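Q: Chains as they are written, first to last, in full-length UniProt numbering: chain A, 2 to 387; chain B, 2 to 387; chain C, 2 to 387; chain D, 2 to 387.
Even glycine gets a Cβ: it sits at the ideal position worked out from N, Cα and C.
4 protein chains.
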Amino acid sequence: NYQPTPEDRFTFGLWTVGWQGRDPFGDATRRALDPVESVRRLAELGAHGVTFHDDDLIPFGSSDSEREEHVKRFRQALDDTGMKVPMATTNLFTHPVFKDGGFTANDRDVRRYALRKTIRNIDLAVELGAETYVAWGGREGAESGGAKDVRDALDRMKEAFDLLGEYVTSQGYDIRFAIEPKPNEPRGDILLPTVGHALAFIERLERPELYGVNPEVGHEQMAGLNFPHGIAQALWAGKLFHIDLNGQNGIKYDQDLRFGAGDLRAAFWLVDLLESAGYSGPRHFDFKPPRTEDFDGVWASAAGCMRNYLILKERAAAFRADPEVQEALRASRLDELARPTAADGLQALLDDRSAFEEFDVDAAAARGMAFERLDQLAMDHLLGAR
Amino acid sequence: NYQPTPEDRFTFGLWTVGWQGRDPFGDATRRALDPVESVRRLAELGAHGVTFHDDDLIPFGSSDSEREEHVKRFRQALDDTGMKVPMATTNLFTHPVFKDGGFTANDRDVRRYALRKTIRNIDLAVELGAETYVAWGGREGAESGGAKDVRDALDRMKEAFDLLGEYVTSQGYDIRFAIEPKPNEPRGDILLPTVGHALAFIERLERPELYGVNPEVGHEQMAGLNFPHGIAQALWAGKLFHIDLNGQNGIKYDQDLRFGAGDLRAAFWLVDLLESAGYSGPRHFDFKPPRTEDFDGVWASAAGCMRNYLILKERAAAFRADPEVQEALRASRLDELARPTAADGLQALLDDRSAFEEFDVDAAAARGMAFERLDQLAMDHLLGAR
Amino acid sequence: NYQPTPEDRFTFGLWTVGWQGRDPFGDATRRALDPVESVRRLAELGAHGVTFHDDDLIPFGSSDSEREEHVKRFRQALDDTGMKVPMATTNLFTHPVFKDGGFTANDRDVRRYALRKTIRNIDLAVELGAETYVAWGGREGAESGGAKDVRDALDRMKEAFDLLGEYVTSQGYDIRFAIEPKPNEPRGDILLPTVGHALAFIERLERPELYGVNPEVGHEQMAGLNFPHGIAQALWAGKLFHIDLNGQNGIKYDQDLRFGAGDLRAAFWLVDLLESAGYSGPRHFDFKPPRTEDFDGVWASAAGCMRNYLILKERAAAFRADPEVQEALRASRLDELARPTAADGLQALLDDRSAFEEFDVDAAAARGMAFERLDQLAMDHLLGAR
Amino acid sequence: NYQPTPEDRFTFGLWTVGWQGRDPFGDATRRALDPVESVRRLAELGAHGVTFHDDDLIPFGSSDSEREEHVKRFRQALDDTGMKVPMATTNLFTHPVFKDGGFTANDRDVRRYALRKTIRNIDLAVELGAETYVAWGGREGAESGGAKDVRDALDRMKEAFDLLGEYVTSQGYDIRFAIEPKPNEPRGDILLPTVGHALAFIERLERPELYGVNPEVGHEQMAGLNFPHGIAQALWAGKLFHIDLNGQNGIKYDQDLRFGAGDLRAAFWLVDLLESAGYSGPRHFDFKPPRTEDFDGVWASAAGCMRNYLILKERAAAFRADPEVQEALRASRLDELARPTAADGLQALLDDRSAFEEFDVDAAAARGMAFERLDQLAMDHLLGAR
């Protein structure tokens, strides 16, 4: 019955199940969770591991001795449960000092502090075994046009990421970076707002091989974009280092619903793509149990993230294995899309009268694509009517 | 009184003022315009030049002799008026053969035809003096998830652009390519949907130096993105080869309003950026006079595109020259944003106790950014209340 | 296997399967269909009836004799197949004369013509047995703020609808009106843009009982609104006279996908509501087979509209009949939502210390709503994992 | 220089300038303001009055004696400054007990409490002189489809508002209610999501004359709707009892920017409409100074709200008074829009051959509307280029 096991590589942030329910208009509805309890409960549900921001594990301002105590207790919970920590990240957004950003704050002293806070947590991530270090620049941006010269801000963003790459290289660490785009919220517009902008930026860094993307379902959907298409471009570029799964109903505030909620058909096509492409990284949930829920609802929501992934995986596998679907893909010429347009080369193409002078445009235009039949097979498989 | 001259480099597509007014729900409301008449009328309004798709100048299906006659008459109009042709593009979207795309159609024979149709028009663009060749892949995309394997489609898109680069290089032409992104419409989702995705794609081509972007105001706004921010990223990457100016009211169908309509504040910040960065390319209008208008309204709309640019240029220049604005930019630390975070280097940063151990986070957090005063100065300048 | 029969009351517009594929950027990809052939093909698929605009059945400009011939042939097709015509409407949007509207055109002579064209088609609708007459004011609106004084336009809209009500009453016809809202497209903003605005307007007509709404899935979703919620408000007001079913992926141009495509979960909740409320009107599809398709794809798309409704009906019925769902609805207090807050009356409420002075707010706040468990049961039922 | 005076009727909520800067991702950046200090500072800036939620003035949980002390100090500040309190409202959204709503919470005991909390604050509002009592049902709604039966929720919403109307009538109070719509945030979808839905709902209350709307600029723009058009419909219905002014950049989270920011052209058309229609109620700002700002920035932002209104008022008045604009309005037939379509009556219309049989549709279709010239005059006036 769609039971997860650690082999499915499902991971959760501490801040997901640990969200207390404060929103722009309301107070917390749940008590804080001890990270140790979250690790134990997640392990019981069949998760593989957990992720953290610095400030989720070590309260901001802790002394070195309190920091050591918090880490020790957490490591014991990992040892007791077999849970892993595949990813870590920095909180460069909650504290008022970051109100205009971390890496791109106008104040230079804040930028330096943001780098030092990040470096300290890279060391800890490596100690705990993380392979990916995420950067979500949630305060990098603006509400007004004159507040931020974007060219200068991109110079500062490149400088920061280049320095972090120098750090990991000089220390000999095996950890890679992933940039998490988001278009807006909490800033009016956030820099590097989509997967595309992040991919383009990485190509201007000094050591691009160290950097990839960590796209999030709801973030791209906040710009009305097709999330599977964006993931396909990231895969095509070799840059899908991590992925964040959740749900979102359209263009509005970031809802962080459980995975499978929101756009269910997009969730199907996402799972189809990840499984077909052989993505081997964590399936990470960055979601918020709604503030209507008590703790029993928190764990039901978390379990539902994993359940929905496993149902969609079954349905997408059945779709691709169905001989009638395989025939419909050929009827729609998906096989021809995969063949080179002109492996014969430019000159051969220019000399081929069948490509222009003698091409029957009307006969080609009259051929139906048969896409609606294909899409109804996909619908029937999703719904278990096949 | 804000009178354009050819030195302002304003250009218009033939298909803009020539739009007959057909929309998804309605018939044409205006007669077709002869391109020769459009060139003459635009020259009288103070435009610098015109642009064309192949099929706007030479009716689809024309014989070689009719093609020569259409080109000859057009060249005479250019000679008679002094108008230039800085940009040309291909129509790979109107004819039914392109219903599933040109470069990424599932049918291989259509892909070959699309390349041959494009190459024929590159030759003509060079003959007429164009410096930029635009590609808008308006039919490259899908309405349904199974219809298009995006990784295979990106392979086909790269193959097409690589072949075009081989062609221009082998012929010795001085013309560069610019990719025009759009998120949707007429396809449910279009490949390379934003400036970012296009910039990232270019970095995977064989000769990236030949390719840039041609962003359009309304296209990025159809994804709710900040158009000045996207242009800043394109400028930062060295890839703003051309720009398309129009207006758009939000996330909806592509309205193609005259420039200055839609988001007026974004238009101000765009002009500020283009003029401050020294962009020297054409200021091209890709707009549609609304179908409510007769021909007098067409020319009033076109004139308004240029007028609004010139008013906004004045206001942005006055904003930047105002000593009180210069003081407010320093109060908001725009000067510090332009300074390196750590020109002293990584090791110096790690050893600097003022960046972490002795950094007074509360004092830094208490400093206001003064962004609202700055933004109200910008508003006052835009409105001519300063 | 989810086979429709005429008893399911599925209906289609002639203009749906008859859409030739012209879009803002492209020519037609299919030949025109004779309405007689559409009636025959739809009847074979199991539809119950068809609907029409005047101009779909009788070409604009037809003489009285050609009009009679077109009607006679259509009536024969209805007689031969048993198909019904439950709804008709007027085309007040295609012809250039309607470029600024029909009922709210600034030109008074156009407004009078629009009323006369509508009245002529009301007579024909009654002759063919229609019970509902739809009005979609697709050209009523504006691209610019000064073009339309909305208060005067609403006066003109009320005048038009009041005159139509006087007409039907004076003739003794049993046909009711339904207003079809849409937020934009083809006008920049359309008057009466949502279900809510239309419901409010109706209350100011002279004979409100004659008027209801005809909401369309994709239209409300073009404003990012919850379509089931809007339908619930229409049902609560007694005004759901007809409904138009299709799919839409978010806030963008009107896609008119087949029903079930787009937001699949919203489609589930819509069918749940219609079936639970006992809606007895037609299930009408206002959709467009994508222009990628040939005629075989047209009929596959149409069949898919009906199939998806029937699958969702089964799943929603199974959800509501499941004892575990019934228990979860009580756990979430849906039973208490249905009970009056204060049937004891105002004074009793004011004197009840348990409602304020002695209310334990912390105990009430700590109760979870159990909504995530309920929603995962709904997901499991939708997907056939229960 | 655009200096406000109390005669301009500008008002501000205590929670606007008093917003501490907490957002979904960040802690407060400003200290709390004493309401007395806010009244004094606002009076110095030229505001006319202030508004409050219960919980902004009296901390939740206060004893009767602390409540009396808070009210006394506030009344002294009003007396010392001459500031008025034209509007008050209830906080039915912050405390965890309201996590599923107030008036439409599934738990009946919460619904009763929400009514008692509201009634207590109606008494206080009347004591302080308020004329309008606002209801913003920010927690009335859902994240999931099964959580809320909307028909039952509308019954509960009507019951609540009917009881409040009975209360004010029985006490003899001269205060009216205004419903403030919002489409989403903090709930996934909020009930009564737009001006239209609220207007329609009011018509089903027992005493509709007691209820109107309090629309907010950014709320309607979160659904991509035209705010001036919605205000026009509210004015046409006689229901614009109050208005909330702010700015919003598109369809995203509620930004609450200062008035004039966001969509500047929509702000112009709004002021034109309010001043032309003679709206006499408060011009209330429901905005948030961005959390980047210190207290000096708070007051600069507040001052900017009033400044921008007064600049736009001047520009709109100059637009309407310009003889060239008056001529352009006649050229566009705004005069004919204001004349009845058929004051001659139905029968005369049916017998008028000039309305159909002899109407020259082609001549009418060829007349341009001249809307682009009109809109460029409006642009020139807005920008002070006329």
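1. Taking C-beta pairs closer than 8 Å, name the residues in chain D that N185 of chain A reaches, listed in chain order.
2. As a quick exercise: from B:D81, B:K240, B:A303, pick the residue whose alpha carbon is nearest that of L246 of chain B.
3. Hey, how far is the Cα of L347 of chain A from the Cα of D336 of chain A?
4. Looking at C-beta atoms only, is the number of pairs between the segment 104-118 of chain A and the segment 74-88 of chain A that lie closer than 8 Å three or more?
5. Counting pairs of beta carbons, one from the segment 231-251 of chain A and one from the segment 264-277 of chain A, are three or more of them closer than 8 Å?
6. In chain B, which residues lie less than 7 Å from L335 of chain A when you measure between Cβ atoms?
7. Look at the Cβ atom of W300 of chain A, then the Cβ atom of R109 of chain A, and state whether they are nearer than 8 Å.
8. At a CB distance below 7 Å, what residues from the segment 159-176 of chain D approach chain C? Give them in sequence order.
9. What residues of chain C sit near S302 of chain A, judged by a beta carbon separation below 7 Å?
10. Could you tell me the alpha carbon to alpha carbon distance between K85 of chain B and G130 of chain B, rounded to whole angstroms?
11. Give a yes or no on whether the C-beta atoms belonging to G248 of chain B and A262 of chain B are separated by under 8 Å.
12. List, in chain order, every chain B residue whose beta-carbon is nearer than 7 Å to that of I120 of chain D.
13. Taking C-beta pairs closer than 7 Å, name the residues in chain D that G225 of chain B reaches, listed in chain order.
14. Using a Cβ-Cβ cut-off of 8 Å, state whether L383 of chain A counts as contacting chain B.
15. Can you check which of these residues, B:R205, B:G139, B:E207, B:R208, is closest to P182 of chain B by C-alpha distance?
16. How is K85 of chain D classed by DSSP in three states: helix, strand or coil?
17. Which residues in the same chain as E207 of chain A place their Cβ atom closer than 6 Å to its Cβ, once the five residues preceding and following it in sequence are excluded?
18. For the beta strand (DSSP E) containing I180 of chain B, name the first residue and the last one.
19. Within 10 angstroms of its Cβ, does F13 of chain C collect 16 or more other Cβ (buried), or is it exposed?
20. Under the rule that 16 or more other beta-carbon atoms within 10 Å means buried, what is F260 of chain D, buried or exposed?
21. Taking only three categories from DSSP, how would you classify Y280 of chain C?
22. Would DSSP call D245 of chain B helix, strand or coil?
23. Please return the same chain residues whose Cβ sits closer than 8 Å to the Cβ of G231 of chain D, not counting the five positions on each side in sequence.
24. Whole angstroms are fine: how far does the CA of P60 of chain A sit from the CA of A379 of chain A?
25. Below 8 Å on the Cβ atoms is my guess for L155 of chain D versus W237 of chain C; work out the distance and round it to an integer in Å.
26. Have a look at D101 of chain C and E141 of chain C and give me their C-alpha separation to the nearest angstrom.
27. Between B:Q377, B:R374, B:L338, which lies nearest to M158 of chain A when the distance is taken from Cα to Cα?
28. When you compare the segment 48-68 of chain D with the segment 90-97 of chain D, are there three or more beta-carbon pairs, one atom per stretch, that lie closer than 8 Å?
29. Using 8 Å as the threshold, is the C-beta distance between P97 of chain A and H49 of chain A below it?
30. Which bits of chain C does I312 of chain A rub up against, with CB to CB less than 7 Å?
31. For chain A, check one thing: does any of its Cβ atoms lie closer than 8 Å to the Cβ of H71 of chain D?
32. Just mark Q234 of chain C as buried or exposed, buried being the case when its beta carbon has 16 or more other beta carbons within 10 Å.
33. Starting from the beta carbon of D28 of chain D, find every residue of chain A whose beta carbon is closer than 9 Å, and list them in chain order.
34. Quick check: what's the CA-CA separation for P341 of chain D versus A148 of chain C?
35. Report the option in B:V37, B:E67, B:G47 whose CA atom is closest to the CA atom of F53 of chain B.
36. At the level of alpha carbons, what is the spacing between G225 of chain A and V326 of chain A?
A: Reading off the structure:
1. Here the question's residue 185 of chain A lines up with position 184 in the first sequence. Within chain D, the residues near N185 of chain A are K253, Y254.
2. For the purposes of this step, residue 246 of chain B is taken as the residue at position 245 of the second sequence. Measuring from the Cα of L246 of chain B, the nearest candidate turns out to be B:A303.
3. Taking the first sequence and counting its residues from 1, one reaches residue 347 of chain A at position 346. Taking the first sequence and counting its residues from 1, one reaches residue 336 of chain A at position 335. About 22 Å.
4. no
5. yes
6. By 1-based counting over the first sequence, the position of residue 335 of chain A is 334. Residues of chain B passing the Cβ test: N107, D150.
7. Taking the first sequence and counting its residues from 1, one reaches residue 300 of chain A at position 299. Taking the first sequence and counting its residues from 1, one reaches residue 109 of chain A at position 108. No. Outside cutoff.
8. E160, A161, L164, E167, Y168
9. Translated into the one-based positions of the first sequence, residue 302 of chain A becomes position 301. Within 7 Å Cβ-Cβ: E373.
10. Taking the second sequence and counting its residues from 1, the one referred to as residue 85 of chain B is at position 84. Taking the second sequence and counting its residues from 1, the one referred to as residue 130 of chain B is at position 129. Straight-line Cα distance between these residues: approximately 8 Å.
11. Start at 1 with the first residue of the second sequence, and residue 248 of chain B comes out as number 247. Start at 1 with the first residue of the second sequence, and residue 262 of chain B comes out as number 261. Against a cut-off of 8 Å, the Cβ pair of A262 of chain B and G248 of chain B comes out as a contact.
12. Residue mapping note: residue 120 of chain D aligns to position 119 of the fourth sequence, counting from 1. Here the premise fails: no neighbours, minimum Cβ distance about 38 Å.
13. Within the second sequence, the letter at position 224 stands for residue 225 of chain B. Chain D residues near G225 of chain B: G251, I252, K253.
14. To locate residue 383 of chain A, count along the first sequence from 1; it is residue 382. Not an interface residue.
15. Taking the first residue of the second sequence as position 1, residue 182 of chain B is located at position 181. If we check each option's Cα against that of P182 of chain B, B:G139 comes out closest.
16. One-based indexing of the fourth sequence puts residue 85 of chain D at position 84. In this structure, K85 of chain D counts as strand in the three-state DSSP scheme.
17. Along the first sequence, one-based indexing puts residue 207 of chain A at 206. Contacts found: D163.
18. Here residue 180 of chain B corresponds to residue number 179 of the second sequence, with the count starting at 1. Residues 177-180.
19. Within the third sequence, the letter at position 12 stands for residue 13 of chain C. With 16 or more other Cβ atoms within 10 Å, it is buried.
20. As a working mapping, residue 260 of chain D is identified with position 259 in the fourth sequence. Classification of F260 of chain D: buried, given that the 10 Å Cβ count is 16 or more.
21. As a first step, residue 280 of chain C must be located in the third sequence, where it is residue number 279. Three-state result, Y280 of chain C: coil.
22. The residue labelled residue 245 of chain B in the question sits at position 244 within the second sequence. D245 of chain B: strand per DSSP, three-state reduction.
23. Residue mapping note: residue 231 of chain D aligns to position 230 of the fourth sequence, counting from 1. The residues are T195, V196, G197, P216, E221.
24. Within the first sequence, the letter at position 378 stands for residue 379 of chain A. Within the first sequence, the letter at position 59 stands for residue 60 of chain A. If you take the alpha carbons of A379 of chain A and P60 of chain A, they lie about 48 Å apart.
25. Your numbering for residue 155 of chain D matches position 154 in the fourth sequence. Your numbering for residue 237 of chain C matches position 236 in the third sequence. Right, their Cβ atoms sit about 5 Å apart.
26. One-based indexing of the third sequence puts residue 101 of chain C at position 100. One-based indexing of the third sequence puts residue 141 of chain C at position 140. Distance between the alpha carbons of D101 of chain C and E141 of chain C: 7 Å.
27. Mapped onto the first sequence, residue 158 of chain A falls at position 157. Considering only alpha carbons, the answer is B:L338.
28. yes
29. Start at 1 with the first residue of the first sequence, and residue 97 of chain A comes out as number 96. Start at 1 with the first residue of the first sequence, and residue 49 of chain A comes out as number 48. No; because the gap between Cβ atoms is not below 8 Å, this pair is not in contact.
30. As a first step, residue 312 of chain A must be located in the first sequence, where it is residue number 311. Residues of chain C passing the Cβ test: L384, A386.
31. Your numbering for residue 71 of chain D matches position 70 in the fourth sequence. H71 of chain D does not count as touching chain A.
32. Translated into positions along the third sequence, residue 234 of chain C becomes position 233. Classification of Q234 of chain C: buried, given that the 10 Å Cβ count is 16 or more.
33. On the fourth sequence, residue 28 of chain D is found 27 positions in, with the first residue counted as 1. Correct list: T95, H96, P97.
34. Here residue 341 of chain D refers to the residue found at position 340 of the fourth sequence. Here residue 148 of chain C refers to the residue found at position 147 of the third sequence. Taking the straight line from one Cα to the other gives about 18 Å.
35. Counted from its first residue, the second sequence places residue 53 of chain B at position 52. The residue with the shortest Cα to Cα distance from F53 of chain B is B:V37.
36. Along the first sequence, read from residue 1 onward, the residue named residue 225 of chain A stands at position 224. Along the first sequence, read from residue 1 onward, the residue named residue 326 of chain A stands at position 325. Using only the alpha carbons, I get a separation of about 29 Å.
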